[PDB]
Amino acid sequence: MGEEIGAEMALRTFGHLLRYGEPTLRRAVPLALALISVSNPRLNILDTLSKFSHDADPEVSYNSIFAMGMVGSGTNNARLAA
Amino acid sequence: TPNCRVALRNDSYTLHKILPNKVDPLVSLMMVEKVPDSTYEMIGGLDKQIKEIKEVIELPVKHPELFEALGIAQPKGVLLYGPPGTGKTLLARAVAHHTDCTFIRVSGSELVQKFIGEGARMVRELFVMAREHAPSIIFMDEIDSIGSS
Amino acid sequence: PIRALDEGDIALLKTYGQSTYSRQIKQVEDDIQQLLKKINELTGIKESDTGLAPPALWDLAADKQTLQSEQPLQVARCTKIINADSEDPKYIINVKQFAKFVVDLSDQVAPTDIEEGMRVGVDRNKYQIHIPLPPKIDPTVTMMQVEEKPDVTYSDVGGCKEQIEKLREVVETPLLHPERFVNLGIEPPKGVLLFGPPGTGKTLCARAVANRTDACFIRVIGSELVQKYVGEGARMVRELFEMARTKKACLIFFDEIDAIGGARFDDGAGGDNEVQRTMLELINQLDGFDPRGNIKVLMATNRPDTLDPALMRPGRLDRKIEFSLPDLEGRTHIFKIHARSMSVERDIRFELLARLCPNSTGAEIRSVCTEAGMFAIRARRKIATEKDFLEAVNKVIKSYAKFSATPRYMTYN
Amino acid sequence: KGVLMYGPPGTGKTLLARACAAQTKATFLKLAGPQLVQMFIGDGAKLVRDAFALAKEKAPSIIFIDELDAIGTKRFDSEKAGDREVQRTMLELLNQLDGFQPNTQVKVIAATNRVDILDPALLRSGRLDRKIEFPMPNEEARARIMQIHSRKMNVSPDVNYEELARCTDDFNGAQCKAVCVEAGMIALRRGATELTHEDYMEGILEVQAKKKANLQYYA
Amino acid sequence: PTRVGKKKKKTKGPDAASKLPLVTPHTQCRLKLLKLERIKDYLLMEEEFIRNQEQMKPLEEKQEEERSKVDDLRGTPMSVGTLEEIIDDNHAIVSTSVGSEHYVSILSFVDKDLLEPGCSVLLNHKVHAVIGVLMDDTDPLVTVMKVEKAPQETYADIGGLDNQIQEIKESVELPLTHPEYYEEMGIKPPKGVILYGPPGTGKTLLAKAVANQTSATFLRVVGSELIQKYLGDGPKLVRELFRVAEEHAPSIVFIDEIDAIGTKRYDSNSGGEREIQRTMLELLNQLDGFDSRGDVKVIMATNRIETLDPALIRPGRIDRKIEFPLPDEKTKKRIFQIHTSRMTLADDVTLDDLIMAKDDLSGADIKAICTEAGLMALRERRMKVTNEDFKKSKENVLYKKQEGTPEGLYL
Ligand SMILES: Nc1ncnc2c1ncn2[C@@H]1O[C@H](COP(=O)(O)OP(=O)(O)OP(=O)(O)O)[C@@H](O)[C@H]1O
Ligand SMILES: Nc1ncnc2c1ncn2[C@@H]1O[C@H](COP(=O)(O)OP(=O)(O)OP(=O)(O)O)[C@@H](O)[C@H]1O
Ligand SMILES: Nc1ncnc2c1ncn2[C@@H]1O[C@H](COP(=O)(O)OP(=O)(O)OP(=O)(O)O)[C@@H](O)[C@H]1O
Ligand SMILES: Nc1ncnc2c1ncn2[C@@H]1O[C@H](COP(=O)(O)OP(=O)(O)OP(=O)(O)O)[C@@H](O)[C@H]1O
Ligand SMILES: [Mg+2]
Ligand SMILES: [Mg+2]
Ligand SMILES: [Mg+2]
Ligand SMILES: [Mg+2]
């Protein structure tokens, strides 16, 4: 129930709260990322793509990023976020 | 509530009123309305047996905070047995006269009906109807029927 | 002589021992669970939004055209026609649910294309024919035409060099060489049953021929034939055996025909009556008048004893391919299939493993191959050793097949 | 006007009725068992009576009914409909068959595989009455049928069908046809051009799905 | 294309319970008074922030004239229909509940890309026109079986079963949390698990502890739940059960008391026996039959195992068979230790008195002993619990199992 506060910026909490990784928040972010919601200047949501991977200690999270990189080559324009 | 009946206007199919007393065509036998039954003191000589039933039925309902402070789970299962003609059914009716609670009478042989699957599921519909009257006591008549082996 | 309750003695209990934090900790837990509720009805954000398009394209339609398509547009129904009479319409039309009317044609029709048995658009007030329709196609056979390749090659059905050889003769060879049968003067069989122990490879042979078919292949869900209404399941049989006659040489695979009828009895005067009507309708469109021609039927079961002798007759089911256990050369080939794509030691032997699985199936052999890698994750390894498999045999077979013969073994050495 | 076939389900019940439709021109009307069962109420008695009124319009027309036991069952009482339309389709068959006098022109043929489903007191007098049972082929009737279906192949002329009836026993007519089909493909395995007595003997074991090894008892 | 339909556009809804499972003092200490007041602070602020959220909204446009006339364009008694075929000239055919079929039009703002014969739609009464399309279409018998609450405590609740705790974790938790080990050997994790053994051992606890500590969703099935009387209603609910589990999260399904769902598949003389036997034969088909499976795990549990259908016991369907035997003289100490956590224990007692002297009794027996001995303290006006409570309790619980077997033949 937000607007500019939520759908632009409020994912940097998860890019600041922990860097350990656990599938509660690691799966809650692609609920709002696989739904890109492209009507906004989508690099707001693609900024939330960027530090979604602000969790260190390497993991099995390659399943999310490479599959979103596959839809991210053609769509989610490679001019901006490749 | 989901799975609840409502009053629907035939004018424009507008909702009118939430209708209570949910679908249950077989609580005629259960929850007997009147209890002008026998009393508590005409049992006469089963005092060891009677006081144990206070510990399991009266005491958790009247004072649940004792089991909180003592730190144990509360009991819920009672079995009554013996030779025939030894006061097994008075003690059901004596409790039902003094329970200050919902009393659900189920004899132990009407859970078969005639069609498979509906002869079972009303048992599931029985106990979920006991959640409505949130304190309740449900009684079994003569489990030498279903429950054997 | 044991009684220890009186209302004054109740007040002893709940004041002795932590009178400070008893209710102080309790109602904090109580009203927060109340507050778990009061957040939920304050949210109320269920939002079952559906039906709507993206709201940037329909703007042209819902300006006036939607209001223009309320009153002039029609709520006409579709029906079926029995016949017609000469010099006039005299059209006799049924609904099969409503009544049967005798009505007139309208002005917007051509009186030639009002052929019999045709779906036609019918007015609601005076019930005149307006628009004829294309014929109805059955909606659920379209759901079960597979249109999809499951990826199993014949190189994964090892241990069955002769059962595939029998199955290659019936299905594949008349569809690719329909010459040597005629040029010698024989006819191929048209029905093959598969029977044997479970987990032996029934589904694999059906899954692998769906790969290499180059033809129409129809999976049939067995319990769709059983319905709630009387005679509905028998009508589903008919639509299946009509469209197979339209195209040439379509394959139909049933599976677990134990469920759709195994025996015909009546002693208690009742029972599985509606199942028998669907099952006997299957028989009369299998043999009888009007033989089917190029329709091949494959069936598979685990319990072949309990089937009807009306289906056991050749002419309906002609070849009885059975699956057995692989002796030793089969199993040594099976281990090389299910363990080639896993990180193992490159020096182990598999013939010693095929000894220790005397009466085993292809499913049990694969379970040993999966379990041996699970022991490698119990330790910290990335390749499988010989003792990884040897513990896996004892885990799968010897933990359930024998418990008296292994410790007290000294009758046999 | 009533002829009933019965027997074991491999003897040629449908095979006999197709030849009678073949050589005679008298407006053959086929009819199956479960065709009379419909979903809505009272539709089967419509389908029963309209076909009988159709077969009355043609004079020489005769009617064949296959799997009469699909509806000809011991009627039982109920409370949830179910079978309580089938007897209305059954009695309409019983009312129409006693509806007309037995003047031979609309002779009716029926055939079932099991007798013990049918209603015996419901036929018994002037209904389906003539009993034509189909027994299993004895010895030479097996050797006749195996000679019939082997008409279209290259049989080498050292094969006695009487020698085949020695080893083939308790078979119906269709299993005798199945030996004839499978023997043609065993010769196709090794690419043989004609058949032999050994080719049939392996085709016999394939019908009941047998196979033989070296059993190390038999020297 | 390569990524056709982008896999059904569908998210997952997991549980909302387990707000803070850290009440770890486990006693009347000020920490638990301090910890729970912190939870009171955040939920009150979450209340007041969303209270300010529906308060300070001066935005009104309603729908900028577009959806507002659309909500008046559609009828107010919105009805439910069913597609039969698609005549794509913006004039299609539908079917009602009775089967009255109508040549209706499409009254816009519906993309003709997610409507298939079988998908239920939304209709009018005055013109019966297609207004929307009904989504999710779940029959309300399977939504009852969708668990929303984590009922009990975690793996530290049960009293020591660690050889078999590590077994079920290999097939449920570890493949979902860390599936990097399995790709290094290409081995798919096991799917089916049977829990079997004598009653009163811990079968129902082990499912509840998994349903507590999980991330995917959870489905419970109580035995004779998928049994109806309409001869096709039985197997039809099983299809919708696995359909919902497949459409949602990569989740697990717990079907308990499967001894009433399988016995050796014999053929007999009763007609109601077959609709029993047929529903239980197509569960076999949905489990490991055709097509594939998806990421759906199945956990099954009985008391007796030998009276089951051997078609279900085979691998491919169930890859783990787990015995739950009656306890020992070592892990039984952990049973008595946990069930005597928050009770006032007098220092006279020895836990090893009742353990070593008697060597037969379940874990559910031990919970009954701890509750009965607590009732004996109030029976003789006490708070602390001594040895004499456990002397009378160990008697009174165990007198429900018969005297013995054979006499001294063996020696
Ligand atoms: N201790 C008792 N005091 C007074 N009346 C008793 C006593 N025991 C039995 N009765 C009499 O027995 C009858 C009730 O039967 P009871 O409650 O024993 O059921 P039951 O005989 O145990 O059931 P069943 O017939 O199945 O064994 C009543 O008439 C009651 O007055
Ligand atoms: N001959 C074989 N070669 C290789 N793998 C096999 C063989 N037989 C079985 N398997 C393996 O066993 C698994 C299960 O086999 P499958 O379920 O097809 O047996 P089934 O006979 O169809 O079972 P059911 O009789 O219950 O339908 C398959 O996935 C396959 O990998
Ligand atoms: N006496 C016979 N002469 C020639 N061929 C026969 C004979 N009996 C059986 N057959 C062959 O066996 C097959 C079985 O005959 P048919 O199709 O009539 O089956 P049926 O006995 O009517 O089966 P059901 O009684 O179960 O309907 C026929 O196709 C036919 O080719
Ligand atoms: N190992 C254990 N540790 C702690 N408590 C246990 C243990 N085993 C059983 N319990 C107790 O048993 C109860 C759970 O019963 P359990 O899970 O054994 O039922 P079940 O195995 O499904 O029985 P049934 O098979 O008869 O339905 C819990 O209340 C718990 O206190
Ligand atoms: Mg009594
Ligand atoms: Mg199979
Ligand atoms: Mg026939
Ligand atoms: Mg249990």
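I need the Kirkwood Rh of the range C:1-152: take the reciprocal of the average 1/r across all distinct C-alpha pairs and report it in angstrom.
Computed over the range C:1-152, the radius equals 24.5 Å.
Along its principal axes, what span do the Cα atoms of the range C:213-297 show, with the longest given first and each in whole Å?
48, 26, 21
Quick check on the protein assembly as shown: what does the Kirkwood estimate of hydrodynamic radius come out to from the alpha carbon pairs, in Å?
One decimal place: 37.6 Å for the Kirkwood radius.
Using DSSP to define loop residues, name the GluC sites (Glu not before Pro) in the range C:305-357 whose beta-carbon has at most 12 other beta-carbon atoms within 10 Å.
Qualifying residues, ordered by number: C:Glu345.
Rounded to a whole number, what is D in µm²/s for the range D:17-83 from Stokes-Einstein with the Kirkwood radius over alpha-carbon pairs (37 °C, 0.692 mPa s)?
My calculation gives 237 µm²/s for D.
In whole Å, what are the extents of the range C:257-319 along the principal axes defined by its C-alpha atoms, from largest to smallest?
Here the spans come out as 40, 27, 15 Å, largest first.
E:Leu195's amide H: which non-local residues (gap 5+, or another chain) put their own amide H closer than 5 Å, with H modeled 1.01 Å from N in plane and none for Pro or chain starts?
E:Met300, E:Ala301, E:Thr302
If r is the Cβ-Cβ distance from E:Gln152 to C:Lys398 and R0 is 51 Å, what FRET efficiency results, to the nearest 0.05?
Efficiency, rounded to the nearest 0.05: 0.90.
Quick one: P(r) of chain E from all Cα-Cα pairs, 10 Å bins, percents rounded to integers, in order of increasing distance.
For chain E, the binned pair fractions read 3, 14, 20, 21, 19, 12, 6, 3, 1, 0 percent.
Against the globular-protein guess of 2.2 N^0.38 Å, express the Cα radius of gyration of the range E:58-124 as a ratio, rounded to two decimals.
With N residues counted in the range E:58-124, Rg over 2.2 N^0.38 Å equals 1.32.
List the residues, sorted by chain then number, that are 5 or more residues from E:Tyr103 or on another chain and whose placed amide H is less than 5 Å from its amide H.
C:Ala76, C:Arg77, C:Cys78
Below 21 Å, Cα to Cα, which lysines can C:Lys228 reach? Residues fewer than 8 away in the same chain don't count.
The qualifying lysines are B:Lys114, C:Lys96, D:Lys80, E:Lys229, E:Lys236.
Please state the relative contact order of the range C:278-403 as a whole percent: Cα pairs under 8 Å, 6+ residues apart?
Over the range C:278-403, the number comes to 20 percent.
Compute the relative contact order of the range E:261-342 as a whole-number percentage, counting only Cα pairs closer than 8 Å that sit 6 or more residues apart in sequence.
Relative contact order here is 41 percent.
Using the Karplus curve 6.51 cos²θ - 1.76 cosθ + 1.60 with θ = phi - 60°, what ³J(HN,Hα) values do you get for each residue of the range E:171-187, in whole Hz, with x for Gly and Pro?
10, 10, 7, 4, x, 8, 6, 9, x, 9, 6, 7, 6, 6, 10, x, 9
Could you state, as a whole-number percent, how many of the C-alpha pairs of the range B:24-117 are farther apart than 20 Å?
52 percent
What FRET efficiency comes out for E:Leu59 versus C:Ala53 if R0 is 30 angstrom and r is the Cβ-Cβ distance? Round to the nearest 0.05.
That pair, E:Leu59 with C:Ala53, gives E of 0.80.
Past 22 Å, Cα to Cα: identify those pairs from D:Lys152/D:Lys210; D:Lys25/D:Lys107; C:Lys402/E:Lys333; E:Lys330/E:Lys394; E:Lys8/E:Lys112, in the order given.
Listed pairs above 22 Å: D:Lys152/D:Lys210; C:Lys402/E:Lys333.
Give me the number: length gained by fully extending C:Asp290 to C:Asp327, i.e. 0.36 nm times residue separation minus the C-alpha to C-alpha distance, one decimal in nm.
8.8 nm
Can you sort C:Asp6, C:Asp59 so the residue with the fewest Cβ neighbours within 10 Å comes first?
Listed from fewest to most nearby Cβ atoms, that is C:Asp6, C:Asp59.
Pop out the ³J(HN,Hα) list for the range C:290-301 in order, Karplus 6.51 cos²θ - 1.76 cosθ + 1.60 with θ = phi - 60°, rounded to Hz; leave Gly and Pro as x.
Each residue of the range C:290-301 in turn: 6, x, 6, x, 9, 10, 9, 10, 10, 10, 8, 8 Hz.
Taking the C-alpha atoms of the range E:1-92, how large are the radius of gyration and the largest Cα-Cα span, Dmax, in Å?
Using the Cα atoms of the range E:1-92, the pair Rg, Dmax is 25.1, 73 Å.
For E:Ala364 paired with E:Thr138, estimate the spin-label separation in nm (one decimal), with each label point 7 Å from Cα along the Cα-to-Cβ line.
Between E:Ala364 and E:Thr138, the simple spin-label model gives 3.0 nm.
Counting only the backbone N, which residues of the range C:142-182 are under 16 Å from the spot 7 Å out from the Cα of D:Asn154 toward its beta-carbon?
C:179-182
Project the alpha carbons of chain D onto their principal axes and report the range along each, largest first, in whole Å.
70, 43, 30
Hey, what did the range D:1-128 get for relative contact order, percent, Cα under 8 Å, at least 6 apart?
Relative contact order, the range D:1-128: 41 percent.
How big is D, in µm² s⁻¹, for the range E:105-187 by Stokes-Einstein at 25 °C and 0.890 mPa s if Rh is the Kirkwood radius over C-alpha pairs?
132 µm²/s
Quick check on the range C:74-138: what are the equivalent-ellipsoid semi-axes from the Cα gyration tensor, as sqrt(5λ), descending, whole Å?
16, 13, 13
Within 10 Å of each Cβ in peptide E:325-336, how many partner chain Cβ atoms are there on average? Round it to a whole number, please.
Rounded to a whole number, the mean comes out at 0.
Under a 5 Å amide H to amide H cut-off, with H placed in plane at 1.01 Å, what residues pair with E:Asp111 once short-range neighbours are removed?
Long-range HN contacts for E:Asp111: C:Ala53.
Using only the Cα atoms of the range E:155-260, build the gyration tensor, take square roots of its eigenvalues as a ≥ b ≥ c, and label the shape rounded, prolate or oblate: rounded if a/c is under 1.5, else prolate if a/b is larger than b/c, else oblate.
Oblate.
Beyond 22 Å between alpha-carbons counts as too far, so tell me which of B:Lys62/B:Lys88; D:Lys1/D:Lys58; A:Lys51/E:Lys149 fall in that bin.
Beyond 22 Å between Cα atoms: B:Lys62/B:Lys88; A:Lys51/E:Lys149.
Find out how many positive minus negative residues lie around E:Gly232, taking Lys and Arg as positive, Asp and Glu as negative, among other residues whose Cβ is under 13 Å from that of E:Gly232.
Residues close to E:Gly232 contribute a combined charge of -2.
The range C:232-379: Rg/Rh from Cα coordinates, Kirkwood Rh?
1.16
Plugging the Kirkwood radius over Cα pairs into Stokes-Einstein for the range C:6-89, at a temperature of 37 °C and a viscosity of 0.692 mPa s, what D comes out in µm²/s?
Diffusion coefficient, whole number: 148 µm²/s.
For the pair D:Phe40/E:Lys126, report the inter-label distance in nm, with labels modelled 7 Å from Cα in the Cβ direction.
With each label placed 7 Å out from Cα toward Cβ, I get 3.1 nm.
Over the Cα atoms, compute the radius of gyration (one decimal) and Dmax (the largest Cα-Cα distance, rounded to a whole number) for the range D:123-162, in Å.
Cα-based Rg and Dmax for the range D:123-162 come out at 17.6, 54 Å.
Please go through the range C:55-120 and write out the chymotrypsin sites (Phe, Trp or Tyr not before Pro) that DSSP classes as loop and that have at most 15 other C-beta atoms within 10 Å.
C:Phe98
How large is ³J(HN,Hα) for each residue in the range E:240-248, as worked out from phi by the Karplus curve 6.51 cos²θ - 1.76 cosθ + 1.60 (θ = phi - 60°), to whole Hz, x for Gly and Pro?
Result, ordered by residue: 6, 5, 6, 5, 5, 5, 6, 5, 7 Hz.
Could you give the length gained on full extension between E:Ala260 and E:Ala16, defined as 0.36 nm per residue of separation minus the Cα-Cα distance, in nm?
Separation in residues times 0.36 nm, less the Cα-Cα distance, equals 84.6 nm.
If each Cα of the range C:143-275 is one equal point scatterer, what is log10 of I(q)/I(0) from the Debye formula at q = 0.19 Å⁻¹?
Values returned for q = 0.19 Å⁻¹ are -1.26.
Summarise the partner chain shielding of D:28-37 as one whole number: the mean count of Cβ atoms from other chains within 10 Å of each residue's Cβ.
Counting Cβ atoms of other protein chains within 10 Å of each residue's Cβ and averaging gives 5.
Less than 16 Å apart at the alpha-carbon level, and either on another chain or at least 8 residues along: which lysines does that give for E:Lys392?
Here the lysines satisfying the reach criterion relative to E:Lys392 are B:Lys48, E:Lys358, E:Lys367, E:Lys384, E:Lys400.
Hey, what's the Kirkwood Rh for the range C:298-360 if you take every pair of different alpha carbons, in angstrom?
Evaluated over the range C:298-360, this radius sits at 15.1 Å.
Between E:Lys8 and A:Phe66, what FRET efficiency follows from the Cβ-Cβ distance if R0 is 35 Å, with the result rounded to 0.05?
Calculated value: 0.95.
Taking only DSSP H segments of four or more residues, each worth -39500 (n - 2.57), what value at 222 nm results for chain B once the sum is divided by all its residues, to the nearest 500 deg cm²/dmol?
Dividing the helical sum by the residues of chain B leaves -6500 deg cm²/dmol.
Is any helix in chain D, taking whole DSSP H runs, at least 27 angstrom long along its axis by alpha carbon and on average at least 0.5 on the Kyte-Doolittle scale, and which ones?
None clear 27 Å together with a mean of 0.5.
Using just the helices of chain E, give the 222 nm mean residue ellipticity in deg cm²/dmol: DSSP H runs with n ≥ 4 each add -39,500 (n - 2.57), and the total is spread over all residues, rounded to 500.
The helix contribution divided over chain E gives -10000 deg cm²/dmol.
No Cβ is skipped: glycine too gets one built from the backbone with ideal geometry, and neighbour counts run over all protein chains shown. Read-outs: derived from the displayed coordinates by stated rules, not from any lab.
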